[PDB]
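The chain below stands alone, shown as structure tokens; this is the form deposited in one PDB entry.
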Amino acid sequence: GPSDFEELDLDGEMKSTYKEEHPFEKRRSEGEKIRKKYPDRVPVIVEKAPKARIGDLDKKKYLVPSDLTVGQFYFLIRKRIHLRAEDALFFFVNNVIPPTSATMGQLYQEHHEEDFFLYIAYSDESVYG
């Protein structure tokens, strides 16, 4: 009975141009192969939320050391966006902001999709939209 509960759109699928443009069969094949070849790294797709007003990421596909913390990945992306120090940046995994002390391997292990990719959306806003 979640119909009588407000879920704040935290149950919806975050948009991904990557998923819309590449068929699941090919994505899953690639993610399974990359996980088998590089077990101590995890594949991550990083894309802008639709309403974000923030610098673009030239490259969206990352193969990340599993022990890299979310905070470290955060600062790396801030630098690659060329974001000013005083400007805000938020990550969302399935619409919720992850802890910066988690590792990317943990994030992947708990939240990767059935194509074996972890999807992260980023925005200047604290709510995904």
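From 1 onward, residues are counted along the sequence shown.
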Fill in: Entry-level comparison of average CA B-factors, 48 to 56 and 73 to 81, reporting the higher stretch
48 to 56
Discussion item. Can you tell me whether 26 to 34 has a higher mean C-alpha B factor than 91 to 99 in this record, or the other way round?
Written reply: 26 to 34
Item to complete: Comparing against every modelled residue in the chain, figure out the third that the C-alpha B-factor of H112 lands in (lowest, middle or highest).
Response: lowest
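Although not depicted, the form solved in complex with a partner chain is the subject of the following passage.
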Practice prompt. Please check if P65 has a heavy atom lying within 4.5 Å of any heavy atom of its partner chain in the deposited bound form.
Written response: yes
Worksheet item: Contact between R41 and its partner chain in the deposited bound form at 4.5 Å, heavy atoms?
Response: yes
